[PDB]
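So the structure is just underneath, and the comments pick up after that.
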Amino acid sequence: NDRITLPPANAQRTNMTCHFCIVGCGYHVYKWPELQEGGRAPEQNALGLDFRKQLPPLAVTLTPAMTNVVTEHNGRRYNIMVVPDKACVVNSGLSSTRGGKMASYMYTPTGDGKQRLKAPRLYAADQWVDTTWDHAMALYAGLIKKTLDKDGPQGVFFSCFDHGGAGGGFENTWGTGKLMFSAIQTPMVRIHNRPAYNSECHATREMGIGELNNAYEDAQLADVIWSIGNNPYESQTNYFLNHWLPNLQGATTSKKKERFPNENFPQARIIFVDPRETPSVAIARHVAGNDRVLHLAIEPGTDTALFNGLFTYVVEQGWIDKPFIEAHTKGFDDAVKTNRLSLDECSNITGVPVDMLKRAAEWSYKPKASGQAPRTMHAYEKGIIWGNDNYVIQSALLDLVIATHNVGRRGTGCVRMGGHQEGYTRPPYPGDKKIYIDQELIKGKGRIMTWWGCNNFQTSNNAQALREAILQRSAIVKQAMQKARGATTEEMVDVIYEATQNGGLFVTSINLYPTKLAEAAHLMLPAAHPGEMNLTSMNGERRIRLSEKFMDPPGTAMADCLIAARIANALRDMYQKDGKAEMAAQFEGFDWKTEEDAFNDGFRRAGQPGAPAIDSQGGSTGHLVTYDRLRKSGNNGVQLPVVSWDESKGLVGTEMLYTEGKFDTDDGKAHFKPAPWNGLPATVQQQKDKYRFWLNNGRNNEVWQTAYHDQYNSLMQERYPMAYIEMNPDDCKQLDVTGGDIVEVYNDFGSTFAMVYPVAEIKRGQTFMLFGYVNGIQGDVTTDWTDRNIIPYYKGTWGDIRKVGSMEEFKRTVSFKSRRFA
Amino acid sequence: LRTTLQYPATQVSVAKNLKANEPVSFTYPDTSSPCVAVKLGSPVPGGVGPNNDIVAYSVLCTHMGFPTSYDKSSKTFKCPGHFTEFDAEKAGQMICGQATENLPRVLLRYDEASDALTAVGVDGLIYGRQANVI
Amino acid sequence: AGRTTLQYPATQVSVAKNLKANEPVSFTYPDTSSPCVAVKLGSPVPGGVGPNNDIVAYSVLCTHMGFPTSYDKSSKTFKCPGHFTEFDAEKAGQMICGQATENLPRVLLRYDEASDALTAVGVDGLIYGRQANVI
Ligand SMILES: Nc1nc2c(c(=O)[nH]1)N[C@H]1C(S)=C(S)[C@@H](COP(=O)(O)OP(=O)(O)OC[C@H]3O[C@@H](n4cnc5c(=O)[nH]c(N)nc54)[C@H](O)[C@@H]3O)O[C@H]1N2
Ligand SMILES: Nc1nc2c(c(=O)[nH]1)N[C@H]1C(S)=C(S)[C@@H](COP(=O)(O)OP(=O)(O)OC[C@H]3O[C@@H](n4cnc5c(=O)[nH]c(N)nc54)[C@H](O)[C@@H]3O)O[C@H]1N2
Ligand code: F3S
Ligand code: FES
Ligand code: FES
Ligand SMILES: [Mo+4]
Ligand code: NA
């Protein structure tokens with residue numbers, strides 16, 4: 001509708017980091033009784049804005065989607081307004097479409113959050129019902145205990161978030177990790193986005209370069225930005241908007257010159273390595289001109305060849321830092337030999353013309369006239385992380401970066417752009433092997449599987465094999481449960497345990513919402529998100545912020561760290577009752593009343609005297625951070641690691657990593673690695689050999705992840721009622737499809753469905769499907785293939801397309817117009 | 001008492017003066033609110049006039065308020081600020097962008113007797129306003 | 001206008017310590033045609049005010065068809081003689097059984113520790129027989 005209730009001048013104001021992407025944009029949450037409002041005069045409302053007359057452009061970001069009315073546990077009603085902080089350095093008052101919806105996605109009884117989990121849910125053999133928390137713990141802890149006593153920890157499976165922000169963060173990763181690893185001590189654990197306990201960044205870390213090694217200010221200071229496997233307007237909006245674009249526009253030139261009096265700073269340029277022409281390519285060309293953008297539209301999976309050709313060329317031209325290499329690196333001469341690739345071979349493999357390869361090197365590595373190498377920030381994400389051999393691509397890319405001294409200089413960095421926020425503090429993983437968890441589950445292993453803060457039915461690789469197996473195993477438990485009548489909780493535990501000896505699996509989901517996991521889950525436990533709890537996390541430049549609690553969770557929904565404590569204390573109590581003092585002792589250390597307690601126990605204990613082994617993004621100075629100190633810091637927080645604290649200075653942190661040439665390896669040097677080109681994996685190549693289309697996949701600007709909130713939003717559902725597939729118009733004509741037709745996409749791995757979205761910029765025999773979605777799951781057609789560390793090539797699959805027919809309704813209501821701005 | 005805003009009734013033009021896909025500019029509901037009406041040339045849900053094809057919008061981007069520009073070739077409104085684009089053929093649906101609200105529709109009465117188009121209301125909240133009527 | 005909110009009056013009811021457990025006090029809010037009751041329940045409830053968080057207040061007009069309901073001290077409910085709707089004073093006017101489609105409206109009380117005063121400051125829910133709570 002057509003009006004908004006303004007926040008009163010004296011309204012309560014708390015800090016809130018965005019729930020969603022890595023950028024970690026700062027917001028303020030205004031909270032006030034429903035029957036009060038602000039006046040239009042700027043000094044009579046909390047915004048300080050003059051609503052007596054039209055506001056100019058950029059004065060505010062404020063829509064009805066940024067407002068709500070919450071009903072608290074006391075039954076009292078409060079207006080809320082969730083709006084970007086103008087003085088936050090991250091976003092400077094910018095809000096993406098995703099963060100802009102936070103108010104709407106706060107829990108209310110009648111709004112978009114109406115189907116929030118509010119109590120334990122139990123599938124009692126043949127129907128969903130509520131149950132109590134104590135019954136849920138008796139069943140869940142009971143099973144875990146039984147499994148520990150009979151099978152050991154290897155019978156207990158998890159797939160759990162390791163990330164930051166909403167459904168993650170330092171309190172939550174500690175809580176879950178302490179439970180899984182210190183208490184239960186299970187190695188049968190995967191991560192939300194990948195099917196083993198591993199890293200996205202094995203190669204770069206082992207080369208001595210952690211993947212978040214710079215500041216967002218570095219994107220302002222760069223001569224050149226590379227965006228490799230990365231659609232940052234859509235996936236990291238406000239980093240792109242607030243930092244990248246001002247550089248491309250010339251707004252940061254005078255700051256470069258002030259820092260470096262004796263260095264030329266040409267107009268900044270941008271290079272995209274992406275098989276696909278994305279909105280980010282289009283918008284870059286709009287802002288900077290076609291002459292300052294290079295789209296290296298590589299063949300899918302050919303990143304390694306690209307970087308080996310560039311590395312070879314910059315070495316042959318001598319566009320490298322030989323003093324840097326000599327003082328601070330190891331293995332260069334070996335990498336020159338193993339990685340040798342001519343520009344002609346590079347061009348044949350990539351499909352990129354030799355002139356474009358040479359130009360990219362010239363922009364990026366050839367000394368400027370003043371003598372200094374260009375400041376080239378190399379930013380990468382899932383196009384290579386989920387690319388053709390995660391480990392080898394990073395090896396090849398980092399070799400280029402290290403040889404060109406593009407780490408440790410301002411305006412440089414070889415960095416992840418990131419996904420979620422970060423907020424990792426955990427004990428070490430208690431196994432000595434990587435385990436492909438999905439494969440284990442498919443093969444019939446484990447008694448109990450918990451999805452915690454994730455939904456692999458929508459997001460696993462080879463997701464169809466996964467769903468099939470889980471549904472069937474779930475059904476066996478359902479069938480066994482239904483023969484019970486009048487059983488105690490203990491008897492039920494035995495019935496379910498027995499069913500798991502005959503192929504069954506007990507499935508638990510700890511979540512905000514039922515999700516598609518409800519098709520298989522036997523138990524669902526209600527969690528709480530930021531604003532319903534305090535939560536700490538850091539963004540892509542390691543900036544740690546506290547998100548303040550300002551409202552109650554729905555019903556008995558709890559902070560994930562506190563659910564973990566609940567589980568630990570239930571297990572402890574069972575062991576104490578069973579007279580097993582040693583097993584009880586493993587479940588000590590969860591005497592937690594609030595999320596802060598998890599912060600004190602994890603983040604703040606890392607590297608302290610008498611602490612156990614803790615792997616924390618805070619490092620050993622994490623104890624200097626407190627909730628009260630973060631509050632005083634505001635949405636600016638501090639860049640980790642913290643270097644000092646006092647009352648007069650606040651938290652003082654770290655802008656850029658590796659500025660003195662000391663890397664995270666045994667000898668302090670960065671290590672070059674061999675990067676062989678072996679083509680595509682045979683599993684993926686077999687799909688490519690049999691089927692017509694490359695089934696690229698990934699993000700839409702407007703849709704967040706598995707659409708857990710978005711599925712309930714009427715605007716989102718009207719815009720994207722179904723997952724879409726970008727198709728070349730000529731391919732469309734060949735298949736007799738147009739916008740709003742439905743197609744089956746299929747291969748040897750699976751079958752799924754999408755609505756057709758003709759896109760002129762898509763190449764013939766290539767496609768692009770929205771990933772993770774609630775209607776048409778893309779991942780059914782991804783292969784089982786992973787690299788050496790069990791990293792999937794999610795961006796590597798091929799399949800055929802078959803027309804189902806025309807969805808008239810989609811044609812009447814959905815725009816199929818171009819999403820590439822020109 | 002009253003639950004609704006007091007919108008003015010503002011004459012825009014007569015429908016038959018509008019040429020297909022040639023935007024007309026006007027202000028509604030006051031001189032600080034720029035709007036466009038366009039004859040699309042083809043009926044759309046809720047279009048007015050003889051061919052049910054005339055639509056009208058607030059042109060201020062619902063992100064951060066830059067005046068958008070009507071593109072005749074795509075029949076969209078594009079924002080130069082952060083690249084939001086709205087579909088004039090789907091009631092302001094955001095095609096791609098950073099807004100959380102569709103482009104507000106100016107509600108037109110079409111009187112057959114006079115051929116008049118009158119702006120009588122707005123569906124959606126105009127950028128940078130506490131209420132559509134200040 | 002601007003304004004999206006009704007202009008509720010601030011009306012003194014009494015000081016909290018004058019209220020006896022389960023002995024309803026009558027007052028009118030937000031005008032003399034809107035009969036209301038405040039009662040100390042004797043035990044805390046969500047959103048109760050006063051020293052023992054137990055004082056609640058309501059419109060007594062049935063939200064079905066508007067008959068003045070009567071407070072039953074033995075059940076702590078409001079009962080309507082019209083079509084036998086009954087509302088729970090301890091569950092924010094939840095309808096126990098009846099023909100209404102709306103909970104009994106709550107009179108929002110400010111409690112000031114400094115003065116011991118209870119002031120009616122608003123209504124949560126719509127009073128029967130009114131376009132808006134404030135006429
Ligand atoms: N084909 C294909 N597959 C992919 C990818 C790809 O590019 N291609 N990308 C991968 C990537 S990068 C990722 S990150 C994964 C994402 O895979 P998932 O992690 O499965 O998906 P998300 O939507 O992040 O899951 C978040 C879930 O947690 C719930 N949730 C939200 N807040 C909370 C909270 O506070 N607590 C709890 N307990 N639950 C909460 C949500 O409702 C939702 O069910 O998908 C991966 N899968
Ligand atoms: N709007 C929105 N933003 C998000 C998310 C979201 O769901 N919605 N999710 C967040 C998360 S968890 C993550 S992980 C990030 C994802 O951020 P990105 O990785 O930026 O997003 P994607 O769409 O998965 O993929 C990036 C690009 O990889 C390209 N690509 C495909 N195959 C190849 C290949 O072989 N090589 C190369 N070089 N490129 C290839 C695709 O064409 C695509 O444009 O986004 C985060 N931000
Ligand atoms: S608003 Fe949120 S979605 Fe990312 S761009 Fe900013 S953190
Ligand atoms: S102001 Fe229009 S897209 Fe941001
Ligand atoms: S008038 Fe009260 S129950 Fe009908
Ligand atoms: Mo991710
Ligand atoms: Na399928």
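Just remember, in the structure tokens the first chain shown is A, the second B, etc., residues are 1-based per chain, and ligands are 1-based in the order shown.
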Nearby residues (only C-alpha atoms) at most 10 Å from residue 690 of chain A, same-chain spacing under 4 positions excluded, as an NGL selection string: :A and (685-686 or 747-748 or 798-800)
Go ahead and save the residues from that selection, with N, CA and C atoms, as an mmCIF file, in the first residue's frame.
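Result went into part06.cif, see below:
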```
data_model
loop_
_atom_site.group_PDB
_atom_site.id
_atom_site.type_symbol
_atom_site.label_atom_id
_atom_site.label_comp_id
_atom_site.auth_asym_id
_atom_site.auth_seq_id
_atom_site.Cartn_x
_atom_site.Cartn_y
_atom_site.Cartn_z
ATOM 1 N N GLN A 685 33.107 -35.563 -18.777
ATOM 2 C CA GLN A 685 33.317 -35.686 -20.222
ATOM 3 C C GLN A 685 32.305 -36.670 -20.834
ATOM 4 N N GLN A 686 32.010 -37.775 -20.109
ATOM 5 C CA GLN A 686 31.022 -38.739 -20.575
ATOM 6 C C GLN A 686 29.646 -38.100 -20.750
ATOM 7 N N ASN A 747 20.020 -36.025 -17.576
ATOM 8 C CA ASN A 747 21.194 -36.761 -18.024
ATOM 9 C C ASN A 747 21.188 -38.138 -17.347
ATOM 10 N N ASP A 748 22.351 -38.811 -17.338
ATOM 11 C CA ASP A 748 22.522 -40.071 -16.613
ATOM 12 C C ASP A 748 22.349 -39.896 -15.084
ATOM 13 N N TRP A 798 26.633 -31.804 -18.194
ATOM 14 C CA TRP A 798 25.941 -31.689 -19.459
ATOM 15 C C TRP A 798 24.657 -32.535 -19.420
ATOM 16 N N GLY A 799 23.664 -32.158 -20.216
ATOM 17 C CA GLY A 799 22.391 -32.843 -20.319
ATOM 18 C C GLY A 799 21.598 -32.382 -21.534
ATOM 19 N N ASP A 800 20.487 -33.085 -21.775
ATOM 20 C CA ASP A 800 19.522 -32.768 -22.813
ATOM 21 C C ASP A 800 18.299 -32.092 -22.206
#
```
Tell me as a short mmCIF file (atom, residue, chain, number, x, y, z; two decimals) with N, CA, C and O atoms, in the first residue's frame which residues belonging to chain A come within 7 Å of chain B, counting only C-alpha atoms.
```
data_model
loop_
_atom_site.label_atom_id
_atom_site.label_comp_id
_atom_site.auth_asym_id
_atom_site.auth_seq_id
_atom_site.Cartn_x
_atom_site.Cartn_y
_atom_site.Cartn_z
N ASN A 1 0.86 -1.20 0.00
CA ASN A 1 0.00 0.00 0.00
C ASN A 1 0.89 1.25 0.00
O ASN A 1 1.98 1.23 -0.54
N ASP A 2 0.37 2.35 0.55
CA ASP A 2 0.69 3.68 0.11
C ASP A 2 1.17 4.57 1.25
O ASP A 2 1.03 5.79 1.13
N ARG A 3 1.64 4.00 2.36
CA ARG A 3 2.18 4.79 3.46
C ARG A 3 3.06 3.93 4.35
O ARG A 3 3.03 2.71 4.23
N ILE A 4 3.78 4.59 5.26
CA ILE A 4 4.69 3.94 6.19
C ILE A 4 4.56 4.63 7.54
O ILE A 4 4.24 5.83 7.59
N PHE A 51 10.28 14.39 5.99
CA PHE A 51 9.18 13.84 5.20
C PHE A 51 8.02 14.82 5.06
O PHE A 51 6.92 14.41 4.65
N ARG A 52 8.28 16.11 5.29
CA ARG A 52 7.31 17.15 4.95
C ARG A 52 7.27 17.49 3.43
O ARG A 52 6.49 18.38 3.04
N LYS A 53 8.24 17.02 2.68
CA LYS A 53 8.35 17.21 1.24
C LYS A 53 9.14 16.05 0.65
O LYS A 53 9.85 15.35 1.38
N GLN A 54 9.07 15.89 -0.68
CA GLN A 54 9.75 14.82 -1.37
C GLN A 54 11.23 14.73 -1.00
O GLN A 54 11.93 15.72 -0.96
N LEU A 55 11.75 13.52 -0.83
CA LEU A 55 13.18 13.38 -0.58
C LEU A 55 13.90 13.25 -1.91
O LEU A 55 13.33 12.65 -2.85
N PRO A 56 15.18 13.71 -1.98
CA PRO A 56 15.98 13.61 -3.17
C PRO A 56 16.48 12.19 -3.31
O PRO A 56 16.44 11.40 -2.34
N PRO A 57 17.03 11.84 -4.50
CA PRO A 57 17.69 10.55 -4.68
C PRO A 57 18.82 10.34 -3.66
O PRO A 57 19.39 11.33 -3.20
N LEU A 58 18.99 9.05 -3.24
CA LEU A 58 20.03 8.61 -2.32
C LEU A 58 19.78 9.02 -0.85
O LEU A 58 20.54 8.62 0.01
N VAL A 60 17.45 8.00 1.17
CA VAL A 60 16.98 6.92 2.02
C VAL A 60 16.84 5.69 1.18
O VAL A 60 16.68 5.79 -0.07
N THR A 61 16.88 4.54 1.86
CA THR A 61 16.32 3.31 1.34
C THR A 61 15.20 2.90 2.34
O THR A 61 15.50 2.67 3.49
N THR A 63 11.17 1.09 2.05
CA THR A 63 9.96 0.56 1.49
C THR A 63 9.17 -0.17 2.57
O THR A 63 9.68 -0.49 3.64
N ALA A 65 8.54 -3.25 2.55
CA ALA A 65 9.24 -4.52 2.76
C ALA A 65 10.27 -4.42 3.88
O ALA A 65 10.71 -5.47 4.42
N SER A 96 21.05 -4.31 -0.60
CA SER A 96 20.63 -5.12 -1.72
C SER A 96 19.15 -5.48 -1.60
O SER A 96 18.54 -5.31 -0.53
N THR A 97 18.59 -6.04 -2.68
CA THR A 97 17.22 -6.51 -2.67
C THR A 97 17.05 -7.62 -1.62
O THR A 97 15.91 -7.85 -1.21
N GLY A 100 17.41 -6.00 1.95
CA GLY A 100 16.32 -5.04 2.05
C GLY A 100 15.04 -5.71 2.56
O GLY A 100 14.16 -5.07 3.10
N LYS A 101 14.93 -7.03 2.39
CA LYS A 101 13.75 -7.75 2.81
C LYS A 101 13.82 -8.24 4.26
O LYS A 101 12.85 -8.83 4.74
N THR A 813 2.27 -13.65 -16.21
CA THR A 813 2.66 -13.00 -14.97
C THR A 813 4.16 -12.81 -14.83
O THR A 813 4.58 -12.07 -13.95
N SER A 815 7.93 -11.74 -16.15
CA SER A 815 8.81 -11.10 -17.13
C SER A 815 9.93 -12.03 -17.60
O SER A 815 10.63 -12.60 -16.80
N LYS A 817 12.08 -10.54 -19.87
CA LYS A 817 12.89 -9.49 -20.44
C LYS A 817 14.30 -9.60 -19.87
O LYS A 817 14.58 -10.37 -18.95
N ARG A 819 17.89 -9.39 -18.26
CA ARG A 819 18.43 -9.07 -16.93
C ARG A 819 19.85 -8.50 -17.06
O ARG A 819 20.51 -8.24 -16.05
N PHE A 821 21.69 -5.28 -18.00
CA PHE A 821 21.36 -3.89 -18.19
C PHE A 821 22.21 -3.27 -19.33
O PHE A 821 23.46 -3.43 -19.33
#
```
Once you count only C-alpha atoms, what closest atom pair and distance in Å to one decimal does each residue of chain A within 12 Å of chain C have, with rows by chain and rising residue number, as CSV?
```
residue,atom,partner,partner_atom,distance
A:2,CA,C:4,CA,11.0
A:3,CA,C:4,CA,8.0
A:4,CA,C:4,CA,7.6
A:5,CA,C:4,CA,6.1
A:6,CA,C:4,CA,8.9
A:7,CA,C:4,CA,11.6
A:8,CA,C:3,CA,11.8
A:33,CA,C:122,CA,10.5
A:34,CA,C:5,CA,8.4
A:35,CA,C:5,CA,6.0
A:36,CA,C:5,CA,6.8
A:37,CA,C:5,CA,7.0
A:38,CA,C:3,CA,8.6
A:39,CA,C:2,CA,7.6
A:40,CA,C:2,CA,7.1
A:41,CA,C:2,CA,10.5
A:51,CA,C:2,CA,9.0
A:52,CA,C:2,CA,8.8
A:53,CA,C:2,CA,11.3
A:71,CA,C:47,CA,11.4
A:72,CA,C:47,CA,9.6
A:73,CA,C:46,CA,7.1
A:74,CA,C:46,CA,4.5
A:75,CA,C:47,CA,6.2
A:76,CA,C:47,CA,6.8
A:77,CA,C:124,CA,8.4
A:78,CA,C:124,CA,11.4
A:79,CA,C:5,CA,11.6
```
Write to file, as a PDB file, in the first residue's frame, the residues of the selection just made, with N, CA and C atoms.
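Saved as part.pdb:
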```pdb
ATOM      1  N   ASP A   2       0.373   2.345   0.545  1.00  0.00           N
ATOM      2  CA  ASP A   2       0.690   3.681   0.108  1.00  0.00           C
ATOM      3  C   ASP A   2       1.166   4.574   1.245  1.00  0.00           C
ATOM      4  N   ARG A   3       1.637   3.995   2.363  1.00  0.00           N
ATOM      5  CA  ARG A   3       2.179   4.790   3.463  1.00  0.00           C
ATOM      6  C   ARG A   3       3.061   3.928   4.352  1.00  0.00           C
ATOM      7  N   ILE A   4       3.781   4.592   5.259  1.00  0.00           N
ATOM      8  CA  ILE A   4       4.687   3.939   6.189  1.00  0.00           C
ATOM      9  C   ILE A   4       4.562   4.625   7.539  1.00  0.00           C
ATOM     10  N   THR A   5       4.718   3.844   8.623  1.00  0.00           N
ATOM     11  CA  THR A   5       4.739   4.410   9.972  1.00  0.00           C
ATOM     12  C   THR A   5       6.193   4.765  10.271  1.00  0.00           C
ATOM     13  N   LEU A   6       6.475   6.039  10.517  1.00  0.00           N
ATOM     14  CA  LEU A   6       7.846   6.459  10.800  1.00  0.00           C
ATOM     15  C   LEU A   6       8.240   6.050  12.226  1.00  0.00           C
ATOM     16  N   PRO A   7       9.546   5.765  12.442  1.00  0.00           N
ATOM     17  CA  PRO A   7      10.055   5.490  13.788  1.00  0.00           C
ATOM     18  C   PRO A   7      10.062   6.790  14.583  1.00  0.00           C
ATOM     19  N   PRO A   8       9.583   6.801  15.835  1.00  0.00           N
ATOM     20  CA  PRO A   8       9.678   7.996  16.673  1.00  0.00           C
ATOM     21  C   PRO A   8      11.132   8.395  16.905  1.00  0.00           C
ATOM     22  N   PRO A  33       6.705   0.711  20.113  1.00  0.00           N
ATOM     23  CA  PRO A  33       5.319   0.239  20.271  1.00  0.00           C
ATOM     24  C   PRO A  33       4.441   0.544  19.054  1.00  0.00           C
ATOM     25  N   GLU A  34       3.574  -0.416  18.735  1.00  0.00           N
ATOM     26  CA  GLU A  34       2.744  -0.314  17.551  1.00  0.00           C
ATOM     27  C   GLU A  34       1.906   0.967  17.528  1.00  0.00           C
ATOM     28  N   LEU A  35       1.490   1.498  18.656  1.00  0.00           N
ATOM     29  CA  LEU A  35       0.555   2.600  18.613  1.00  0.00           C
ATOM     30  C   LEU A  35       1.253   3.952  18.669  1.00  0.00           C
ATOM     31  N   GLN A  36       2.610   3.983  18.590  1.00  0.00           N
ATOM     32  CA  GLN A  36       3.363   5.220  18.457  1.00  0.00           C
ATOM     33  C   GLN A  36       3.872   5.362  17.014  1.00  0.00           C
ATOM     34  N   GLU A  37       4.173   6.610  16.635  1.00  0.00           N
ATOM     35  CA  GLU A  37       4.866   6.881  15.372  1.00  0.00           C
ATOM     36  C   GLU A  37       5.654   8.180  15.454  1.00  0.00           C
ATOM     37  N   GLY A  38       6.637   8.298  14.538  1.00  0.00           N
ATOM     38  CA  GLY A  38       7.395   9.499  14.329  1.00  0.00           C
ATOM     39  C   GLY A  38       6.587  10.524  13.537  1.00  0.00           C
ATOM     40  N   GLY A  39       7.023  11.773  13.709  1.00  0.00           N
ATOM     41  CA  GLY A  39       6.511  12.903  12.962  1.00  0.00           C
ATOM     42  C   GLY A  39       7.335  13.037  11.664  1.00  0.00           C
ATOM     43  N   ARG A  40       6.793  13.802  10.716  1.00  0.00           N
ATOM     44  CA  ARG A  40       7.462  14.007   9.419  1.00  0.00           C
ATOM     45  C   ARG A  40       8.674  14.937   9.513  1.00  0.00           C
ATOM     46  N   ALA A  41       8.665  15.894  10.460  1.00  0.00           N
ATOM     47  CA  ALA A  41       9.812  16.780  10.659  1.00  0.00           C
ATOM     48  C   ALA A  41      11.045  15.936  10.978  1.00  0.00           C
ATOM     49  N   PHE A  51      10.277  14.391   5.987  1.00  0.00           N
ATOM     50  CA  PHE A  51       9.185  13.838   5.204  1.00  0.00           C
ATOM     51  C   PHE A  51       8.024  14.824   5.064  1.00  0.00           C
ATOM     52  N   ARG A  52       8.281  16.106   5.285  1.00  0.00           N
ATOM     53  CA  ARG A  52       7.311  17.152   4.949  1.00  0.00           C
ATOM     54  C   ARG A  52       7.266  17.491   3.434  1.00  0.00           C
ATOM     55  N   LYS A  53       8.237  17.017   2.680  1.00  0.00           N
ATOM     56  CA  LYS A  53       8.349  17.209   1.235  1.00  0.00           C
ATOM     57  C   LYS A  53       9.140  16.046   0.653  1.00  0.00           C
ATOM     58  N   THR A  71       4.940  -9.493  17.114  1.00  0.00           N
ATOM     59  CA  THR A  71       4.225  -9.840  18.337  1.00  0.00           C
ATOM     60  C   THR A  71       5.172 -10.629  19.228  1.00  0.00           C
ATOM     61  N   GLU A  72       5.518 -10.069  20.400  1.00  0.00           N
ATOM     62  CA  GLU A  72       6.529 -10.614  21.287  1.00  0.00           C
ATOM     63  C   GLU A  72       5.866 -11.656  22.205  1.00  0.00           C
ATOM     64  N   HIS A  73       6.720 -12.359  22.995  1.00  0.00           N
ATOM     65  CA  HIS A  73       6.252 -13.392  23.920  1.00  0.00           C
ATOM     66  C   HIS A  73       5.287 -12.836  24.958  1.00  0.00           C
ATOM     67  N   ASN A  74       5.424 -11.549  25.298  1.00  0.00           N
ATOM     68  CA  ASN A  74       4.458 -10.913  26.180  1.00  0.00           C
ATOM     69  C   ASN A  74       3.134 -10.523  25.520  1.00  0.00           C
ATOM     70  N   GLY A  75       2.912 -10.851  24.220  1.00  0.00           N
ATOM     71  CA  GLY A  75       1.704 -10.526  23.518  1.00  0.00           C
ATOM     72  C   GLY A  75       1.694  -9.074  23.007  1.00  0.00           C
ATOM     73  N   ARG A  76       2.696  -8.230  23.313  1.00  0.00           N
ATOM     74  CA  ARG A  76       2.708  -6.841  22.892  1.00  0.00           C
ATOM     75  C   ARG A  76       3.281  -6.725  21.477  1.00  0.00           C
ATOM     76  N   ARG A  77       2.731  -5.743  20.752  1.00  0.00           N
ATOM     77  CA  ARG A  77       3.017  -5.536  19.333  1.00  0.00           C
ATOM     78  C   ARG A  77       3.971  -4.358  19.152  1.00  0.00           C
ATOM     79  N   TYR A  78       4.968  -4.512  18.273  1.00  0.00           N
ATOM     80  CA  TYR A  78       5.984  -3.499  18.032  1.00  0.00           C
ATOM     81  C   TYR A  78       6.267  -3.365  16.525  1.00  0.00           C
ATOM     82  N   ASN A  79       6.214  -2.106  16.057  1.00  0.00           N
ATOM     83  CA  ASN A  79       6.751  -1.743  14.758  1.00  0.00           C
ATOM     84  C   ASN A  79       8.246  -1.993  14.752  1.00  0.00           C
TER      85      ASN A  79
END
```
Surroundings of ligand 2 up to 6 Å, based on only C-alpha atoms and all ligand atoms, as a PyMOL selection string: chain A and resi 21+228-232+234-236+273-276+278+300-301+303+381-384+387+418-420+696+698-705+795
Neighbours of chain B in chain C at 8 Å, counting only C-alpha atoms, as a VMD selection string: chain C and resid 2 131 to 132 135
Please write the residues from the selection above to a file, keeping C-alpha atoms, as a PDB file, in the first residue's frame.
```pdb
ATOM      1  CA  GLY C   2       0.864  11.979   7.956  1.00  0.00           C
ATOM      2  CA  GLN C 131     -15.116   2.002  12.793  1.00  0.00           C
ATOM      3  CA  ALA C 132     -12.022   2.936  14.865  1.00  0.00           C
ATOM      4  CA  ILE C 135     -14.417   8.064  17.536  1.00  0.00           C
TER       5      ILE C 135
END
```
Which of chain B fall in strand (DSSP E or B), as a ChimeraX atom specification: /B:10-14,20,24-27,34-39,48,54-58,60,67,69-71,76-78,85-87,93-96,105-110,116-123,131
Pull the closest atom pair for each residue of chain C that gets at most 6 Å from ligand 5, along with the distance in Å to one decimal, counting only C-alpha atoms and all ligand atoms, ordering rows by chain and then ascending residue number, as JSON lines.
```
{"residue": "C:62", "atom": "CA", "partner": "ligand 5", "partner_atom_place_in_ligand_line": "2 (Fe)", "distance": 4.6}
{"residue": "C:64", "atom": "CA", "partner": "ligand 5", "partner_atom_place_in_ligand_line": "4 (Fe)", "distance": 4.6}
{"residue": "C:65", "atom": "CA", "partner": "ligand 5", "partner_atom_place_in_ligand_line": "1 (S)", "distance": 3.5}
{"residue": "C:66", "atom": "CA", "partner": "ligand 5", "partner_atom_place_in_ligand_line": "1 (S)", "distance": 5.0}
{"residue": "C:67", "atom": "CA", "partner": "ligand 5", "partner_atom_place_in_ligand_line": "1 (S)", "distance": 5.0}
{"residue": "C:80", "atom": "CA", "partner": "ligand 5", "partner_atom_place_in_ligand_line": "2 (Fe)", "distance": 4.6}
{"residue": "C:82", "atom": "CA", "partner": "ligand 5", "partner_atom_place_in_ligand_line": "1 (S)", "distance": 4.4}
{"residue": "C:83", "atom": "CA", "partner": "ligand 5", "partner_atom_place_in_ligand_line": "3 (S)", "distance": 3.6}
{"residue": "C:84", "atom": "CA", "partner": "ligand 5", "partner_atom_place_in_ligand_line": "3 (S)", "distance": 4.6}
{"residue": "C:85", "atom": "CA", "partner": "ligand 5", "partner_atom_place_in_ligand_line": "3 (S)", "distance": 4.0}
{"residue": "C:98", "atom": "CA", "partner": "ligand 5", "partner_atom_place_in_ligand_line": "3 (S)", "distance": 5.9}
{"residue": "C:99", "atom": "CA", "partner": "ligand 5", "partner_atom_place_in_ligand_line": "3 (S)", "distance": 5.5}
```
